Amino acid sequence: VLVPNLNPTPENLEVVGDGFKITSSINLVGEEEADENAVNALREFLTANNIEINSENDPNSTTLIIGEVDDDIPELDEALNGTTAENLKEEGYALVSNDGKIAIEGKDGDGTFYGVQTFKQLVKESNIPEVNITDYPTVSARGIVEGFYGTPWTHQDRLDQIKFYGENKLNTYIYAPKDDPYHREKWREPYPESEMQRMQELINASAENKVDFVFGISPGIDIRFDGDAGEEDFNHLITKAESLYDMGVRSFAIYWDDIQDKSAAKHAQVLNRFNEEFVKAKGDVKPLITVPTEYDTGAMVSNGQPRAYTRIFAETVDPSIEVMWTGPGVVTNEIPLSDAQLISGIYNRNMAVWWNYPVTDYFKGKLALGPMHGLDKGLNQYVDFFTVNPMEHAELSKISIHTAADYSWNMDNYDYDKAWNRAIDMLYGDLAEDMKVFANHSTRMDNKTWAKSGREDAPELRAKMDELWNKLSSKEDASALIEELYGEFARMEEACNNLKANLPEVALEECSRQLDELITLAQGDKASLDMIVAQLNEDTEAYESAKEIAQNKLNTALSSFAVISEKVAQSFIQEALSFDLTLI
């Protein structure tokens, strides 16, 4: 009857009935014409939900019909009842569930696979609402770049991530882990046979999930440009790219982010020649991706104009090349429309975004657990390619990555708070509410210098703390608010204890120190209220006791590796410690 949480939000969805229960066995129509990856995804779903396939038809049992628009299948047409994927953009699809029948029509193969993923999300306990849906992405390339420093994702993390992207309609995965010598330290060298199977597994998994596996080369460590050596090194770049092509790689990136020979003309020459001699020569390779040595607005621009390097790079690099930038800074609050317009103007095309959130390599004590935040909802005007750099913490990165999927697939309707709530609801099931209490305190990233991004920590509790100080300093009665805040702090502690006892090991292993840290702070916040109450009661012994406890809790948090809620739970203790009620 009711529509389950969906992610991404589909473009068009209307409830057209009251839904029905899918029978224990079903009629499968189109299984041989439809996209193989979509059909394999469907079969895996039905198999896991104990829904058998009928070898012969039966008007009683539910009928599921699947295929592309370019297929002449009139059963699909009949089931679709007008609505079609014919005029939708790439990766788009139509889905109709109406009395005992579900029709999935992709605009293409990719689109068909996405139709299935939505279907999977619509079904609960063999029940499905009945709706009419047409859907397609706001932006063409949506995904993740594995560009963080620190402990690398394991082979199993990547495989799991790859499936998670497919399931959320993310179509891009840029493979450039700092731990793989063949992306950088041995960039010339083709993969040895002893590495071939691992790579093949990533390449295959990506393909079966409609994910573009982008191989990222950073030749900057030692590439040469001039004379015979430059020629040799260029040929090695070709050599390497085709050994990868022979494994099935069809997307490439070349990074100039870390080179010291800051020569714009030479960087772009290598890109242009690679583009001619490889990308275009092959015909089925996707547009070349690049990161220029200047890759954030502050490094790219002075006074509304490009700097020397960026001016030359933008003038030299072929228009068919995806150029990545990070926004106004490497790690920064926002990408407002005006920033995208500026950089897009300079490069005379739609840009690619490398968004350093929720990555935490620069401030590892803190987990980044908030939604996409600060990215203008009109960005698609100037951006055709959107990626996020995640944490070394693969599992917990799913919260933020989940909201990125929504932002990039349905940008105009993206609401960061509802997206954030939905991500945790869909990922954490019965522990969703407790996870929210904890994660609410861990959204803001800030290394106290050059790197800051994210939604503020626990903003509503922050507003309440502010009101307590106003009331106390204005001689107004705060007894009801003090009471409310004790409730807030007890609830922080309780939720974190719950998460400790009940979280899956795969999540708990990423966040146990931060859980303890939040508990410590909740206990200090409580002791801080005790100080205020002692001063209102003029009780010197109760004050001194609360004060030593509050101070100890704060000292524990400060010296601990884990970091959380700095401006809210932690700062509150310092505010209370410096507050002297006797002065008014």
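Note that residue numbering begins at 1 and tracks the sequence as displayed.
Look at the C-alpha B-factors of 363 to 371 and of 415 to 423. On average they run higher in 415 to 423.
Look at the mean CA B-factor for 93 to 101 and for 143 to 151 in the entry; the higher one is 93 to 101.
Ranking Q535, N57, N555, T520 by the C-alpha B-factor listed in the PDB entry places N57 at the top.
Note on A542, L529, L515, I65: the highest value goes to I65, judged by CA B factor as recorded.
In this PDB entry, the Cα temperature factor of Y295 sits in the bottom third of its chain's modelled residues, the lowest group. Per the deposited record, the Cα B-factor of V353 falls in the lowest third when ranked against the other modelled residues of its chain. Remark: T332 belongs to the lowest third of its chain, ranked by C-alpha B-factor as recorded. In the deposited entry, the Cα temperature factor of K286 sits in the middle third of values across the chain's modelled residues. In the deposited entry, the Cα temperature factor of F278 sits in the top third of values across the chain's modelled residues.
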